[PDB]
Amino acid sequence: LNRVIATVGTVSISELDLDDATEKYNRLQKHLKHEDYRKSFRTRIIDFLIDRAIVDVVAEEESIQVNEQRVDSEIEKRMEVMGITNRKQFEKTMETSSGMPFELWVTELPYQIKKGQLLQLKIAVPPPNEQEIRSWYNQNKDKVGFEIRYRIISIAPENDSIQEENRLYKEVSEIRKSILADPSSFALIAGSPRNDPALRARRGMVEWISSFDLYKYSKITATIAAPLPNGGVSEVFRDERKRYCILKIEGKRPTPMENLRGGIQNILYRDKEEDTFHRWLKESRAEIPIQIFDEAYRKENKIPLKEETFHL
């Protein structure tokens, strides 16, 4: 009862092949940003399988072979980018992002490899142009973000004592009262010996940075800076290095394109491949011989029969 649903080129899609795929397609339905939900699950899955068949078929013709060894090679080439060293930790990393068991996720790699190699060979994805970059910037200002310029005072405690904590809390709180009283002071006190040696030189000032890049250096400092307006003095807080701090936003500006250039290019190019390739599959379905045998699909997707005499 494992009947043939369809044939895509040399590939044959069995009713079994469908049932096997039934799990993967469901966990992939989240990532598959094209399928028209008006169509039945039965249609959508067959359609899924046909697209996979096309890739397999075309890769054969172009001598793109993906063997057991090449799969392992790719996993390790993916680690040698992500940073990851243990094979066991990578298995969990992927299960998070996919929401799929590793033994199932690994069966995507052939498709992914073949797809990447086909795009490298057949398909054309022209790098995005300056007018396209500027238009993304100009029409995605919410997604650009903001850059900040601020001044910080960071005083470390000598001893691990609670008494020292109470002193420094009061010390820094006094500096804060003084700063609101006379803002001009902040510059002087930042150059003053109480502040960290690194900040004394650069007048306590931190030049143009994203709250995100800052969040990388210090999650605390950023979460504290992010909500404050221009000239906002932060409340007295502690560093991730247990230092007693105070910061003041000296400037805010929308992050200049120049910095986000690469990032915008990457967004644009990936959306270019994801469409060029989606069209190429549509296009390929017209070139590669496909035959549907399954009556359900035939009926639903409006496929004619020869000499199906018109009613008149």
# chains A, B, ... in the order shown; residues from 1 in each chain; ligands from 1
call {"tool": "residues_around", "arguments": {"residues": "range 51-60 of chain A", "least_positions_apart": "6", "cutoff": "7 Å", "atoms": "only C-alpha atoms", "output": "short mmCIF file (atom, residue, chain, number, x, y, z; two decimals) with C-alpha atoms, in the first residue's frame"}}
result
data_model
loop_
_atom_site.label_atom_id
_atom_site.label_comp_id
_atom_site.auth_asym_id
_atom_site.auth_seq_id
_atom_site.Cartn_x
_atom_site.Cartn_y
_atom_site.Cartn_z
CA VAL A 8 10.20 14.28 -10.16
CA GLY A 9 12.77 13.53 -12.80
CA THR A 10 14.48 10.28 -11.76
CA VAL A 11 13.12 10.64 -8.15
CA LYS A 114 23.31 21.12 -2.30
CA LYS A 115 21.27 24.43 -2.19
CA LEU A 281 12.51 26.13 -7.81
#
call {"tool": "residues_around", "arguments": {"residues": "range 266-269 of chain A", "least_positions_apart": "5", "cutoff": "8 Å", "atoms": "only C-alpha atoms", "output": "list in words"}}
result
residues 125, 126, 127, 128 and 133 of chain A
call {"tool": "write_last_selection", "arguments": {"atoms": "N, CA and C atoms", "output": "PDB file, in the first residue's frame"}}
result
ATOM      1  N   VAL A 125      22.985  36.080  -7.840  1.00  0.00           N
ATOM      2  CA  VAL A 125      22.564  36.948  -6.758  1.00  0.00           C
ATOM      3  C   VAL A 125      23.551  38.133  -6.769  1.00  0.00           C
ATOM      4  N   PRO A 126      23.145  39.231  -7.461  1.00  0.00           N
ATOM      5  CA  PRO A 126      24.051  40.378  -7.573  1.00  0.00           C
ATOM      6  C   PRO A 126      24.165  41.120  -6.242  1.00  0.00           C
ATOM      7  N   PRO A 127      25.401  41.315  -5.715  1.00  0.00           N
ATOM      8  CA  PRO A 127      25.559  42.044  -4.442  1.00  0.00           C
ATOM      9  C   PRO A 127      24.686  43.297  -4.380  1.00  0.00           C
ATOM     10  N   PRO A 128      24.056  43.645  -3.228  1.00  0.00           N
ATOM     11  CA  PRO A 128      23.184  44.830  -3.221  1.00  0.00           C
ATOM     12  C   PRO A 128      23.933  46.134  -3.502  1.00  0.00           C
ATOM     13  N   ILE A 133      20.851  49.851  -0.373  1.00  0.00           N
ATOM     14  CA  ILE A 133      21.353  49.995   0.999  1.00  0.00           C
ATOM     15  C   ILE A 133      20.675  51.213   1.636  1.00  0.00           C
TER      16      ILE A 133
END
call {"tool": "closest_residue", "arguments": {"among": "A:213, A:108, A:147, A:235", "to": "residue 21 in chain A", "atoms": "only C-alpha atoms"}}
result
A:108
call {"tool": "select_by_dssp", "arguments": {"residues": "range 53-245 of chain A", "states": "strand (DSSP E or B)", "output": "short mmCIF file (atom, residue, chain, number, x, y, z; two decimals) with N, CA and C atoms, in the first residue's frame"}}
result
data_model
loop_
_atom_site.label_atom_id
_atom_site.label_comp_id
_atom_site.auth_asym_id
_atom_site.auth_seq_id
_atom_site.Cartn_x
_atom_site.Cartn_y
_atom_site.Cartn_z
N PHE A 146 20.24 53.51 17.84
CA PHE A 146 20.91 54.74 18.22
C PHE A 146 22.26 54.46 18.82
N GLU A 147 23.12 55.44 18.69
CA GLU A 147 24.47 55.46 19.22
C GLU A 147 24.47 56.47 20.36
N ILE A 148 25.33 56.25 21.36
CA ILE A 148 25.45 57.12 22.53
C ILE A 148 26.87 57.48 22.83
N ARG A 149 27.03 58.67 23.38
CA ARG A 149 28.28 59.26 23.85
C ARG A 149 28.01 59.60 25.34
N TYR A 150 28.82 59.06 26.26
CA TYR A 150 28.61 59.33 27.70
C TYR A 150 29.91 59.47 28.50
N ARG A 151 29.78 59.97 29.74
CA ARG A 151 30.88 60.08 30.71
C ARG A 151 30.55 59.22 31.93
N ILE A 152 31.53 58.43 32.37
CA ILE A 152 31.38 57.54 33.52
C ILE A 152 32.45 57.79 34.62
N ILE A 153 32.07 57.56 35.91
CA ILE A 153 32.94 57.61 37.09
C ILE A 153 32.85 56.23 37.71
N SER A 154 33.97 55.49 37.76
CA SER A 154 34.01 54.12 38.29
C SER A 154 35.05 53.95 39.39
N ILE A 155 34.59 53.94 40.65
CA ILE A 155 35.46 53.81 41.84
C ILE A 155 35.37 52.41 42.43
N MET A 205 35.11 60.14 29.54
CA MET A 205 34.31 60.04 28.33
C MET A 205 34.45 58.74 27.58
N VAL A 206 33.31 58.25 27.06
CA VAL A 206 33.18 57.09 26.19
C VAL A 206 32.53 57.62 24.90
N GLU A 207 33.26 57.48 23.78
CA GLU A 207 32.79 57.99 22.49
C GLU A 207 31.85 57.01 21.79
N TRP A 208 30.93 57.58 20.93
CA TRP A 208 29.88 56.93 20.11
C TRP A 208 29.91 55.42 20.05
N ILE A 209 28.88 54.79 20.61
CA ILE A 209 28.76 53.34 20.75
C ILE A 209 27.28 52.93 20.82
N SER A 210 26.96 51.74 20.31
CA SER A 210 25.60 51.26 20.42
C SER A 210 25.44 50.63 21.77
N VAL A 233 21.64 61.76 34.14
CA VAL A 233 22.63 61.24 35.09
C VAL A 233 22.05 59.94 35.62
N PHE A 237 25.20 53.00 40.69
CA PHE A 237 25.10 51.58 40.41
C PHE A 237 26.45 50.91 40.49
N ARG A 238 26.44 49.57 40.50
CA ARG A 238 27.65 48.76 40.52
C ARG A 238 27.91 48.08 39.21
N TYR A 244 31.84 51.08 42.04
CA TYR A 244 30.69 51.95 42.26
C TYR A 244 30.68 53.06 41.21
N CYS A 245 29.66 53.04 40.32
CA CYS A 245 29.58 53.97 39.18
C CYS A 245 28.43 54.93 39.12
#
call {"tool": "closest_residue", "arguments": {"among": "A:5, A:247, A:123, A:288", "to": "residue 223 in chain A", "atoms": "only C-alpha atoms"}}
result
A:247
call {"tool": "select_by_dssp", "arguments": {"residues": "range 148-257 of chain A", "states": "alpha helix (DSSP H)", "output": "PyMOL selection string"}}
result
chain A and resi 162-181+185-191+197-201+211-217+219-225+257
call {"tool": "residues_around", "arguments": {"residues": "residue 105 in chain A", "least_positions_apart": "2", "cutoff": "10 Å", "atoms": "only C-alpha atoms", "output": "JSON, numbers by chain"}}
result
{"A": [24, 27, 28, 91, 94, 95, 98, 99, 100, 101, 102, 103, 107, 108, 109]}
call {"tool": "decode", "arguments": {"residues": "range 34-81 of chain A", "atoms": "C-alpha atoms", "output": "short mmCIF file (atom, residue, chain, number, x, y, z; two decimals), in the first residue's frame"}}
result
data_model
loop_
_atom_site.label_atom_id
_atom_site.label_comp_id
_atom_site.auth_asym_id
_atom_site.auth_seq_id
_atom_site.Cartn_x
_atom_site.Cartn_y
_atom_site.Cartn_z
CA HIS A 34 6.22 30.72 1.43
CA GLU A 35 3.58 27.84 1.72
CA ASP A 36 -0.05 28.94 0.98
CA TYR A 37 -2.18 27.62 3.94
CA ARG A 38 -5.31 27.61 1.71
CA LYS A 39 -3.84 24.29 0.35
CA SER A 40 -4.22 21.00 2.31
CA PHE A 41 -1.44 19.50 4.48
CA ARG A 42 -1.36 16.63 1.97
CA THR A 43 -0.72 19.16 -0.90
CA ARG A 44 1.79 21.31 1.06
CA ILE A 45 3.87 18.21 2.09
CA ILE A 46 3.94 16.71 -1.49
CA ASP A 47 4.90 20.20 -2.74
CA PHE A 48 7.64 20.21 -0.05
CA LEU A 49 8.92 16.83 -1.25
CA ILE A 50 8.83 17.89 -4.97
CA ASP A 51 11.02 20.91 -4.09
CA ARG A 52 13.46 18.62 -2.35
CA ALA A 53 13.34 16.20 -5.29
CA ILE A 54 14.22 19.06 -7.74
CA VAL A 55 17.30 19.91 -5.62
CA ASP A 56 18.46 16.29 -5.46
CA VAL A 57 17.84 15.79 -9.24
CA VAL A 58 19.65 19.03 -10.30
CA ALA A 59 22.56 18.38 -7.91
CA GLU A 60 23.05 14.89 -9.55
CA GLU A 61 23.29 16.58 -13.02
CA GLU A 62 25.82 19.14 -11.70
CA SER A 63 27.83 16.38 -9.90
CA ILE A 64 27.19 17.91 -6.46
CA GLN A 65 27.55 14.82 -4.27
CA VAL A 66 26.94 14.90 -0.51
CA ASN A 67 28.36 11.82 1.31
CA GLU A 68 28.46 10.74 5.05
CA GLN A 69 32.00 12.31 5.31
CA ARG A 70 30.97 15.69 3.70
CA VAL A 71 28.08 15.96 6.27
CA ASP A 72 30.58 15.64 9.20
CA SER A 73 32.99 18.11 7.42
CA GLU A 74 30.18 20.72 7.18
CA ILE A 75 29.15 20.28 10.87
CA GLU A 76 32.81 20.93 11.90
CA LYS A 77 33.11 23.82 9.39
CA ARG A 78 29.93 25.24 11.15
CA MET A 79 31.61 24.83 14.61
CA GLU A 80 34.89 26.46 13.31
CA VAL A 81 32.69 29.61 12.73
#
